[PDB]
Amino acid sequence: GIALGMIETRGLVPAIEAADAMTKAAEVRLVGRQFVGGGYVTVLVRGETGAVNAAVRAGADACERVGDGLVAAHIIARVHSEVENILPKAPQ
Amino acid sequence: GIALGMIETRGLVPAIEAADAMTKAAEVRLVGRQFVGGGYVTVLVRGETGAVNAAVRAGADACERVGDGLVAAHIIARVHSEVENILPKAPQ
Amino acid sequence: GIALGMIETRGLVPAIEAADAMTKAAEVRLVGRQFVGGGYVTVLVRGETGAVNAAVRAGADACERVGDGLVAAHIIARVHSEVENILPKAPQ
Amino acid sequence: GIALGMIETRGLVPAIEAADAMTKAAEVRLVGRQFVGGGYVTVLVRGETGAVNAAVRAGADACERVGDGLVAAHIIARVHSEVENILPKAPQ
Amino acid sequence: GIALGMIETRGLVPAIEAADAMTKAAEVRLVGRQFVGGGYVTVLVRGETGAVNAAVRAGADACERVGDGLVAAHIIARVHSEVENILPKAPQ
Amino acid sequence: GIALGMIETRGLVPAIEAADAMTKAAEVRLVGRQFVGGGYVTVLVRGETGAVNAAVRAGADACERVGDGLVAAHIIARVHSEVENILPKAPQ
Amino acid sequence: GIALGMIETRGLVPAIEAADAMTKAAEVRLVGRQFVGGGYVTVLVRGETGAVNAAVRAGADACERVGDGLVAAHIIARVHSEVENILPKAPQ
Amino acid sequence: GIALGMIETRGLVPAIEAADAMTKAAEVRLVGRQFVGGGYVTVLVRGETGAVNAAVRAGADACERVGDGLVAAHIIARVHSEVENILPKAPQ
Amino acid sequence: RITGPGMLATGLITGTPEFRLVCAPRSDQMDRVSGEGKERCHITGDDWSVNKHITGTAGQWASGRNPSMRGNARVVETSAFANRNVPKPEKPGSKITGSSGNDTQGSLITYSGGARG
Amino acid sequence: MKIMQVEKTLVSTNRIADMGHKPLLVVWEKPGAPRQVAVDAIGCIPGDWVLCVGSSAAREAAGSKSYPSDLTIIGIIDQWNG
């Protein structure tokens with residue numbers, strides 16, 4: 001799935017809630033959950049463009065009132081080929 | 001039971017208190033404790049829906065006034081299988 | 001003794017101090033020191049209920065004027081067997 | 001092209017957005033993303049000086065409103081060889 | 001020498017300054033530099049009580065105005081044997 | 001030489017820039033870059049006293065307006081041999 | 001994908017911008033650029049439906065303020081085979 | 001050079017003026033003069049980024065008061081590779 | 001009506017189907033029992049402290065057992081600490097000349113007969 | 001000012017409060033020469049050739065016009081062979 005969706009949260013619990021809502025919502029593959037530093041967590045999903053759009057809308061709505069909340073909900077439909085190197089391929 | 005219960009706290013003490021209170025309250029298993037960055041700790045429990053409901057509420061009440069406190073007390077009855085990849089199974 | 005006593009600090013120096021004070025104040029076994037993230041440090045002790053009660057009061061008093069100080073002083077008298085998995089056994 | 005362009009963000013999402021934007025805006029190669037501690041993330045590009053200039057200006061406009069936003073956009077036209085040892089060569 | 005001296009700083013530069021000043025001031029062994037999390041850095045020295053007292057007094061004064069500053073300057077003349085396990089033996 | 005120059009910044013970009021202004025300004029070797037926690041980054045140089053002096057002045061002027069800026073700019077002419085063990089030797 | 005994204009502009013510059021922007025935005029292929037008469041210029045992109053929505057939204061926003069700007073931003077998610085004959089296949 | 005500069009004019013005379021200005025100002029190749037329809041004339045330059053920036057600034061200032069004047073001055077530092085197929089390579 | 005864990009943490013839980021200084025300043029507090037019996041620091045959890053509902057070991061439970069009466073005896077302490085401000089006569093001065101180590105600013109030294117040394 | 005080599009650290013736990021938290025070093029002009037104690041205002045290591053100020057100048061160099069030092073190290077000599 002070319003598309004990329006990212007959700008960033010303050011704390012892991014909203015990240016989990018966002019991940020779950022993203023993946024229930026549409027055919028998007030979770031490729032990463034990142035502990036960024038300072039309490040930031042980022043969840044990354046790949047998929048087809050509309051599936052990503054729907055998944056990031058859901059995620060954002062799901063995590064917003066959970067814990068410390070949502071920092072960023074973002075969609076990149078087609079990431080530059082260079083960006084792919086800094087993108088997680090499977091969650092670790 | 002596949003229900004997930006999650007407590008996030010500012011600091012480890014409220015987290016240990018939360019975990020203790022949860023597992024004492026209900027038939028739930030403790031699956032992880034995660035250090036997120038910035039002082040967030042997340043405690044995670046698995047079990048059947050009601051048990052997780054009772055547990056998370058017990059942990060929340062228990063650790064609210066402990067240390068720097070509670071950040072999130074959250075439940076997901078059934079996580080998407082994609083999210084199982086970012087969830088710890090046993091606490092190591 | 002299976003009671004847990006826990007001190008959480010802002011910085012390691014207050015933690016080491018809490019630790020020394022607790023171990024000198026009562027017959028408690030220091031079982032851990034945890035770096036939690038964001039500057040929080042937690043010291044964990046084990047022993048009998050009275051001993052723990054005494055140790056945590058000593059740690060708290062001693063570390064409070066040291067550095068950035070004390071976040072939490074807490075006791076779990078009887079610890080659920082499940083929590084033991086997230087509890088450090090011997091400090092390393 | 002050996003100039004270095006760097007963007008630092010608060011969180012991974014502005015960083016990814018900056019990187020996408022930079023590679024898309026100009027003839028720059030992405031060489032790194034670094035989690036710095038505390039929520040800071042840095043994206044580093046390499047290239048001809050003007051390209052790096054166009055790229056960093058675009059990465060800055062692109063990330064400033066994403067999440068917690070931008071911290072730094074900087075360019076260094078000729079990196080002293082000593083600095084090359086602390087610079088990531090290709091992205092992980 | 002079995003006494004302990006510890007300096008905690010906000011940032012690493014004041015930590016090196018404190019460590020250098022301690023080691024210069026008296027016959028203490030530097031046994032550890034710990035990155036606590038959150039920008040806290042601690043420096044630990046070990047030696048005879050008088051040496052340690054002098055070393056810490058000197059380091060505290062030396063790093064107080066360096067960078068973000070001193071957090072704590074503490075001396076433990078007699079260390080409980082339990083606390084030895086949590087204390088570094090050699091600087092890493 | 002054995003002089004040590006150190007810059008500590010809030011963020012990595014001011015640090016690279018400091019490292020770069022420092023090694024261009026004077027004959028100093030960059031022996032290290034260190035992620036301290038919380039956003040602090042330290043860059044460390046070594047050389048003869050005059051050179052370190054000139055490097056720390058140049059690096060400090062250069063990074064001050066970059067990003068979250070500068071935290072500390074410090075020099076030690078003759079580093080104690082105990083401190084050498086907590087010092088990076090090659091940047092890596 | 002067989003979806004068609006089309007952008008119409010007043011003048012070539014906005015069209016080029018539209019084309020660049022659409023291709024950068026999403027996984028779409030540029031299939032043509034057509035001069036229409038009167039200064040109208042048309043760019044066309046083919047690809048999967050969501051990718052084309054994303055591409056045309058970007059293209060529209062990108063050319064609107066460029067020169068004489070945007071005339072039309074349209075999408076067809078399935079093109080009839082008869083229309084395929086009057087559609088440019090590969091650009092130039 | 002990869003960068004693209006484009007000037008669009010109402011009429012041919014401002015285009016010729018822009019072209020002369022652009023090529024005098026910086027090292028950029030004139031790759032295309034295009035009769036769009038309706039009287040729009042587009043001039044196209046390729047070169048390095050800074051060279052293109054300066055050429056387009058020079059071109060735009062020069063032709064603004066010539067004839068019916070200026071429509072667009074636009075710069076794309078790196079076009080997507082597909083957009084290359086719709087760009088002229090030498091002027092006809 | 002129904003009690004148990006469902007009644008806890010109301011308003012804290014999310015995800016539910018419905019949703020879908022530690023130590024008290026040293027100047028202000030003086031401890032009843034000092035040492036390991038101190039109460040200035042708040043200890044959370046299963047500590048040995050007793051709440052309002054609890055009755056029985058100390059208090060009236062210790063103090064009411066044995067009858068006592070207090071007198072109003074005449075009390076005036078006779079001690080070195082009590083005598084610290086005792087009236088003293090005029091301090092002696094030294095009128096001597098000649099080099100004699102004649103400091104007048106230090107602690108009072110006396111000689112035979114009460115003289116300033 | 002005199003040029004001296006730092007030999008070792010010196011520690012006095014009972015010293016007067018006016019010395020503050022200042023470090024003290026044993027310095028001599030040469031190995032085997034008479035030993036003097038200098039306040040270390042710079043941060044010197046054993047074997048260093050240092051420059052030492054005496055008298056009233058020592059007091060201010062050690063932090064105050066009222067400091068108890070009659071000998072303060074004021075700089076390390078970049079290059080000295082003794």
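Throughout, protein chains are lettered first and strands after them, A, B, ... in sequence-line order, and every chain is numbered starting at 1. Side-chain atoms are counted along with the backbone in the values below, which use heavy atoms only and exclude waters and symmetry mates.
- In this structure, the side chain to side chain contact (heavy atoms under 4.5 Å, CB included) partners of H:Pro91, at least two apart in sequence or on a different chain, are H:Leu30.
- Rounded to the nearest 0.5 Å, atoms SG (D:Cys63) and CD1 (D:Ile7) are 5.0 Å apart.
- For the 3.5 Å distance criterion, the side chains of H:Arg57 and H:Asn53 fail to qualify, holding no donor opposite an acceptor.
- Scanning all heavy atoms of the two residues, the minimum distance from D:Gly5 to D:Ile75 falls at CA-CG1, 4.5 Å.
- Between D:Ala73 and D:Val56 the shortest heavy-atom distance is CB-CG1, 3.5 Å.
- The main-chain N or O of H:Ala51 is never found under 3.5 Å from a side-chain atom of H:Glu48 such that the two would form a donor-acceptor pair.
- Note: D:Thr49 OG1 to D:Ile76 CD1 = 11.5 Å, rounded to the nearest 0.5 Å.
- Heavy-atom neighbours of G:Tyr40 OH from other residues, nucleotides or ligands within 6.0 Å: at or below the threshold of 12.
- Taking CG from A:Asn85 and OG from A:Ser81, the interatomic distance works out to 8.0 Å, rounded to the nearest 0.5 Å.
- Note that CG of G:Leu87 and CZ of G:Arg46 are 6.0 Å apart. Values are rounded to the nearest 0.5 Å.
- The shortest non-hydrogen separation linking H:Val36 to G:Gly39 is CG1-O, 4.1 Å.
- For the pair B:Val79/B:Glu84, a side-chain contact is recorded, criterion being any heavy-atom separation below 4.5 Å from C-beta on.
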Could you pull out every donor-acceptor pair under 3.5 Å between side chains of residues 8-27 of chain G and any protein atom, sequence neighbours left out?
residue, atom, partner, partner atom, Å
G:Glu8, OE2, G:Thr42, OG1, 2.9
G:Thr9, OG1, G:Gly11, O, 2.8
G:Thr9, OG1, G:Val41, O, 3.3
G:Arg10, NH1, G:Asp68, O, 2.9
G:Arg10, NH1, G:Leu70, O, 3.1
G:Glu17, OE1, H:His74, NE2, 2.9
G:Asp20, OD1, G:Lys24, NZ, 3.4
G:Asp20, OD1, H:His80, N, 2.8
G:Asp20, OD2, G:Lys24, NZ, 3.0
G:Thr23, OG1, G:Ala19, O, 3.1
G:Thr23, OG1, G:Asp20, O, 2.9
G:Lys24, NZ, D:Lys24, O, 2.8
G:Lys24, NZ, H:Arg78, O, 2.7

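- Checking side-chain atoms of D:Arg33 against main-chain N and O of D:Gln92 turns up a donor-acceptor pair under 3.5 Å.
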Take G:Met6 and G:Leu44 through the side-chain contact (heavy atoms from CB on, under 4.5 Å) test and state the conclusion after the steps.
-> CA-CA 5 Å; G:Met6 285 177 292; G:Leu44 307 88; 3.9 Å; yes
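- Looking only at distances, a side-chain donor or acceptor of G:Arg29 sits under 3.5 Å from a matching main-chain atom of G:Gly1.
- Heavy-atom minimum distance, D:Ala3 versus D:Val52: O-CG2, 3.8 Å.
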